[PDB]
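What follows is a set of notes on a single structure, which appears directly below.
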Amino acid sequence: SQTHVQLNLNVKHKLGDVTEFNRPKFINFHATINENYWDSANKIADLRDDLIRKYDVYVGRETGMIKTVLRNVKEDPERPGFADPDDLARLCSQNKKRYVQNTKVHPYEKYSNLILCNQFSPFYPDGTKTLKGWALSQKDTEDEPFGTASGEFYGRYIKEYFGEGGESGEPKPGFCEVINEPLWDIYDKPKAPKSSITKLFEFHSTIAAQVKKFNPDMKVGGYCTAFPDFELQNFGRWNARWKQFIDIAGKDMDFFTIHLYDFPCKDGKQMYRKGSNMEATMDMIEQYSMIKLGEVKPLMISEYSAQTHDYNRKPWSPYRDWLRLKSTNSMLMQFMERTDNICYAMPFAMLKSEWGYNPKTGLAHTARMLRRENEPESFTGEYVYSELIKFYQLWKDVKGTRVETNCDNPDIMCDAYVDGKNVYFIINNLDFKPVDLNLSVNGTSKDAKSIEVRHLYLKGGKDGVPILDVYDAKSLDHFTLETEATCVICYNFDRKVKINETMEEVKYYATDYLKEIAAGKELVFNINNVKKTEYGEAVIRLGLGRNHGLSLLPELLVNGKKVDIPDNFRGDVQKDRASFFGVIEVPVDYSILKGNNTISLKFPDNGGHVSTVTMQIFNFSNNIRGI
Ligand SMILES: [Ca+2]
Ligand SMILES: [Ca+2]
Ligand SMILES: [Ca+2]
């Protein structure tokens with residue numbers, strides 16, 4: 001076959017309160033406006049003007065400055081294991097004054113909404129000494145619960161260092177994550193001590209309270225999961241970690257935070273989160289949050305992209321950047337589908353990291369926006385853009401009101417945004433081969449005045465180069481989207497595009513989750529208080545975590561009526577992964593749904609779990625399909 005992709009530019013796609021592309025939320029990177037790196041060693045004279053203003057790119061996230069203050073602050077004489085309030089204020093006040101004097105950056109504050117976070121040590125109270133020769137208190141009583149001193153430091157740090165902008169000081173962070181990737185240091189890294197997981201989650205509650213004692217309106221979140229791999233140990237990992245975190249600390253967090261990395265080359269193997277896998281990870285967090293807390297917590301993805309194991313001890317290459325680009329684009333498309341429940345998604349790329357270069361090995365930082373002119377041959381010359389800039393060039397100008405798009409291949413993701421006379425049409429390929437697309441654009445009488453095509457793909461296969469092919473077109477009824485590629489098609493119209501209909505997406509959750517599968521035994525899920533309109537469509541989302549060999553085509557009954565499951569689902573079959581974990585998206589005849597709904601699953605074999613059953617309802621303002 002060939003793939004049909006349809007854009008209905010007169011139909012607004014509403015999800016919760018969101019109807020627009022949020023550039024600050026999505027088009028950003030892991031940096032700050034006041035990094036030293038901006039103003040020296042670069043081929044471009046005013047790099048902030050080029051990267052931040054011209055491309056319209058937002059920031060950021062920063063752990064270094066708070067780490068430095070913590071490691072050099074005097075111990076409290078009146079209390080052992082606590083930072084001294086007067087010296088903390090002193091050091092924080094030195095930094096503030098330096099920010100106050102740094103007037104070149106004050107006009108860039110409007111591009112900045114800081115995610116603040118602590119690196120694991122010395123902040124976690126495990127006894128690790130600071131450079132001043134003392135550890136943070138490891139007490140755990142009802143009067144001084146675990147992390148009280150850590151929390152007081154964090155709380156004080158925020159109150160003392162930050163101002164309101166410009167000559168009053170650096171603006172307060174929009175978000176304060178508790179601690180970076182804590183279970184990686186605690187339990188999973190080689191030679192990890194395996195201290196209490198439970199105590200890490202209590203730690204979060206105690207940090208939040210301490211932070212709010214000094215800054216009552218500051219948002220706090222956790223636990224900043226390095227590797228959210230819920231299906232492991234037959235869902236024991238879920239049970240021991242995210243489940244317990246939600247039970248213990250969920251109610252005290254203003255937001256939840258995780259990291260999501262694809263593994264496109266780990267010992268020659270390809271293990272992806274892009275596609276059905278990350279959908280299952282995110283559905284599970286939301287569904288259990290609904291069951292236990294009665295709400296979906298806003299989700300932050302403070303780092304995402306690919307981790308490139310096989311290339312991480314290699315010099316920089318365009319190819320290594322490509323591996324990151326393809327993961328970033330697909331993940332961003334998936335985050336955009338949940339925009340109402342994502343507060344922030346940040347691709348992991350730093351500006352430069354001149355100090356992350358190791359002179360012994362000759363290895364530069366593996367995710368940089370800028371690299372030296374003579375890399376890979378030598379680490380010399382002035383800094384120029386890496387290939388990672390291609391993401392920000394690809395997404396340039398994209399903004400406006402979201403409009404409905406659909407596609408008959410679940411390995412092809414699409415979306416679109418309308419800004420006055422311009423329309424941005426974004427298409428992403430999850431499949432590992434080229435896909436020939438037929439494009440239809442409906443809802444306008446008049447043809448576009450011009451068309452610009454941006455196509456980001458890999459030339460030359462393995463160890464090749466990414467290309468960003470930008471060209472003008474008078475017509476584009478067909479288009480070949482390359483392997484794992486993305487295109488952004490910008491239509492320019494003579495008159496303002498008229499949006500006169502609305503498709504409202506609403507996501508419904510089940511009463512229960514996480515059910516063992518036994519052959520021949522019905523698993524029944526209940527989704528209630530569903531609101532329908534005369535015209536609509538719907539999708540049922542089956543979260544399945546099963547060993548390979550086991551069936552991903554159960555008999556499905558919705559309110560006693562039979563619904564077919566398609567062969568093809570979103571993304572890959574997960575061959576190199578240890579087991580299958582993913583959401584199979586099932587279209588369902590809208591006429592079958594009602595207020596309370598019975599979803600019944602029967603598999604022919606034993607083992608594994610149905611992690612979640614959720615449902616997307618799409619309610620139309622009119623008969624937009626013409627049925
Ligand atoms: Ca996990
Ligand atoms: Ca759609
Ligand atoms: Ca597929």
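If you're wondering about the labels, chains in the structure tokens are A, B, ... by order shown, residues count from 1 in each chain, ligands from 1 in order shown.
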List every residue of chain A that has an atom at most 7 Å from any atom of ligand 2, and for each one report the closest atom pair and its distance in Å to one decimal, counting only C-alpha atoms and all ligand atoms, with rows sorted by chain and then by increasing residue number, as a tab-separated table.
```
residue	atom	partner	partner_atom_place_in_ligand_line	distance
A:404	CA	ligand 2	1 (Ca)	5.6
A:405	CA	ligand 2	1 (Ca)	4.5
A:406	CA	ligand 2	1 (Ca)	4.4
A:414	CA	ligand 2	1 (Ca)	6.9
A:415	CA	ligand 2	1 (Ca)	6.6
```
- Item | Selection: 9 Å around segment 542-551 of chain A, only C-alpha atoms, excl. self and same-chain fewer than 4 positions, as a ChimeraX atom specification | /A:230-231,234-235,276,279-281,283-284,514,574-575,578-586,603-615
- residue 272 of chain A: which residues within 8 Å, counting only C-alpha atoms, same-chain residues fewer than 3 positions away excluded, as a ChimeraX atom specification? /A:262-264,275,277,572,574
Any chance you could export the current selection's C-alpha atoms as a CSV table (one decimal), in the first residue's frame?
```
chain,number,residue,atom,x,y,z
A,262,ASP,CA,16.1,5.7,23.2
A,263,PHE,CA,18.9,3.2,22.9
A,264,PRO,CA,19.6,3.0,19.1
A,275,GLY,CA,6.4,4.6,19.5
A,277,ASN,CA,6.7,1.9,24.5
A,572,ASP,CA,8.5,-1.2,16.2
A,574,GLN,CA,10.6,-4.3,20.1
```
- as a PyMOL selection string, which residues of segment 220-412 of chain A does DSSP assign to helix (DSSP H, G or I)? chain A and resi 236-240+242-248+250-252+276-293+309-311+318-336+339-341+354-356+389-394
- Query: Counting only C-alpha atoms, what is within 6 Å of residue 411 of chain A, bar same-chain residues fewer than 3 positions away, as a list in words?
  - Reply: residues 430, 431, 570 and 571 of chain A
Same residues, N, CA, C and O atoms, saved as a tab-separated table (two decimals), in the first residue's frame:
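Full text of out15.tsv as output:
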```tsv
chain	number	residue	atom	x	y	z
A	430	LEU	N	8.16	6.73	12.13
A	430	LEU	CA	8.66	5.75	13.08
A	430	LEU	C	9.15	4.45	12.41
A	430	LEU	O	9.79	3.62	13.06
A	431	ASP	N	8.88	4.28	11.12
A	431	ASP	CA	9.25	3.04	10.44
A	431	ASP	C	10.73	3.11	10.01
A	431	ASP	O	11.29	4.21	9.84
A	570	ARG	N	1.76	1.43	16.68
A	570	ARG	CA	2.68	2.56	16.60
A	570	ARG	C	4.10	2.17	16.99
A	570	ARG	O	4.37	1.84	18.14
A	571	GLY	N	5.02	2.27	16.04
A	571	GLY	CA	6.43	1.98	16.28
A	571	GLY	C	6.72	0.52	16.07
A	571	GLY	O	5.93	-0.20	15.46
```
- Residues at most 12 Å from residue 536 of chain A, counting only C-alpha atoms, excluding those fewer than 3 positions away in the same chain, as a PyMOL selection string? chain A and resi 502-506+531-533+539+587-593+616-627
Proximity of chain A to ligand 1: per-residue shortest pair, 7 Å limit, only C-alpha atoms and all ligand atoms, as a Markdown table:
```
| residue | atom | partner | partner_atom_place_in_ligand_line | distance |
| --- | --- | --- | --- | --- |
| A:225 | CA | ligand 1 | 1 (Ca) | 6.9 |
| A:227 | CA | ligand 1 | 1 (Ca) | 5.9 |
| A:228 | CA | ligand 1 | 1 (Ca) | 3.7 |
| A:229 | CA | ligand 1 | 1 (Ca) | 4.4 |
| A:230 | CA | ligand 1 | 1 (Ca) | 5.0 |
| A:237 | CA | ligand 1 | 1 (Ca) | 5.7 |
| A:238 | CA | ligand 1 | 1 (Ca) | 5.8 |
| A:241 | CA | ligand 1 | 1 (Ca) | 5.9 |
| A:242 | CA | ligand 1 | 1 (Ca) | 6.4 |
```
Take the selection from the previous step and output its residues with N, CA, C and O atoms, as a JSON list (two decimals), in the first residue's frame.
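Dumped everything to result.json:
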```
[["chain", "number", "residue", "atom", "x", "y", "z"],
["A", 225, "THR", "N", 13.37, 10.29, 37.07],
["A", 225, "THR", "CA", 13.73, 8.92, 36.75],
["A", 225, "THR", "C", 14.64, 8.81, 35.51],
["A", 225, "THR", "O", 14.26, 9.19, 34.39],
["A", 227, "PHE", "N", 15.69, 5.96, 34.08],
["A", 227, "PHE", "CA", 15.28, 4.83, 33.25],
["A", 227, "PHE", "C", 13.93, 4.27, 33.72],
["A", 227, "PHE", "O", 13.89, 3.30, 34.47],
["A", 228, "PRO", "N", 12.80, 4.90, 33.30],
["A", 228, "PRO", "CA", 11.47, 4.38, 33.69],
["A", 228, "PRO", "C", 11.11, 3.13, 32.90],
["A", 228, "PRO", "O", 10.62, 3.23, 31.78],
["A", 229, "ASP", "N", 11.43, 1.96, 33.46],
["A", 229, "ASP", "CA", 11.28, 0.65, 32.81],
["A", 229, "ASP", "C", 10.34, -0.24, 33.62],
["A", 229, "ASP", "O", 10.77, -1.18, 34.30],
["A", 230, "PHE", "N", 9.05, 0.07, 33.50],
["A", 230, "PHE", "CA", 8.00, -0.41, 34.40],
["A", 230, "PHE", "C", 7.76, -1.91, 34.35],
["A", 230, "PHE", "O", 7.43, -2.52, 35.38],
["A", 237, "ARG", "N", 9.33, -3.87, 39.21],
["A", 237, "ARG", "CA", 9.97, -2.55, 39.18],
["A", 237, "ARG", "C", 8.95, -1.40, 39.31],
["A", 237, "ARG", "O", 9.13, -0.48, 40.13],
["A", 238, "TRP", "N", 7.86, -1.48, 38.54],
["A", 238, "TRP", "CA", 6.74, -0.55, 38.69],
["A", 238, "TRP", "C", 6.24, -0.56, 40.12],
["A", 238, "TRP", "O", 6.16, 0.51, 40.74],
["A", 241, "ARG", "N", 8.76, 1.04, 42.58],
["A", 241, "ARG", "CA", 9.22, 2.41, 42.33],
["A", 241, "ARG", "C", 8.07, 3.41, 42.08],
["A", 241, "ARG", "O", 7.63, 4.07, 43.02],
["A", 242, "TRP", "N", 7.60, 3.54, 40.84],
["A", 242, "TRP", "CA", 6.63, 4.62, 40.55],
["A", 242, "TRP", "C", 5.36, 4.47, 41.36],
["A", 242, "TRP", "O", 4.88, 5.46, 41.93]]
```
- Do a neighbour search on residue 214 of chain A at 12 Å with only C-alpha atoms, toss out local chain neighbours closer than 6 positions, and write the hits as a PyMOL selection string. chain A and resi 151-160+207-208
- Tell me, which residues of segment 27-222 of chain A carry DSSP strand (DSSP E or B), written as a PyMOL selection string? chain A and resi 28+42+58-62+75+83+112-116+163+171+175-177+220-222
- Message: Set the distance at 10 Å and use only C-alpha atoms: which residues neighbour residue 97 of chain A once local chain neighbours fewer than 6 positions away are removed? I'd like the list as a PyMOL selection string.
- Response: chain A and resi 161+167-170
Hey, can you spit out that residue selection with N, CA and C atoms as a short mmCIF file (atom, residue, chain, number, x, y, z; two decimals), in the first residue's frame?
```
data_model
loop_
_atom_site.label_atom_id
_atom_site.label_comp_id
_atom_site.auth_asym_id
_atom_site.auth_seq_id
_atom_site.Cartn_x
_atom_site.Cartn_y
_atom_site.Cartn_z
N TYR A 161 19.36 33.42 46.67
CA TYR A 161 19.98 33.72 45.37
C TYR A 161 19.06 34.46 44.36
N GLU A 167 18.25 43.92 37.39
CA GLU A 167 19.05 44.44 38.50
C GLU A 167 18.55 44.02 39.90
N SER A 168 17.36 43.43 39.98
CA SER A 168 16.90 42.75 41.21
C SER A 168 17.45 41.33 41.39
N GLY A 169 18.06 40.76 40.35
CA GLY A 169 18.64 39.39 40.41
C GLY A 169 18.02 38.43 39.40
N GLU A 170 18.51 37.19 39.36
CA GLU A 170 17.99 36.19 38.42
C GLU A 170 16.55 35.79 38.76
#
```
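One distance worth recording is that between atom CA of residue 126 of chain A and atom CA of residue 187 of chain A, which is 13.0 Å.
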- Residue with smallest distance to ligand 3 - pool A:16, A:410, A:460, A:294, counting only C-alpha atoms and all ligand atoms: A:410
- Distance criterion (only C-alpha atoms): nearest to residue 163 of chain A out of A:120, A:397, A:92, A:125: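 Ranked by minimum distance to residue 163 of chain A, first place goes to A:92.
Counting only C-alpha atoms and all ligand atoms, the residue from A:391, A:184, A:525, A:432 that sits nearest to ligand 3 is A:432.
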- Item | Nearest to residue 29 of chain A, chosen from A:46, A:567, A:303, A:188, with only C-alpha atoms counted in the distances |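 When distances to residue 29 of chain A are compared using only C-alpha atoms, the smallest one comes from A:303.
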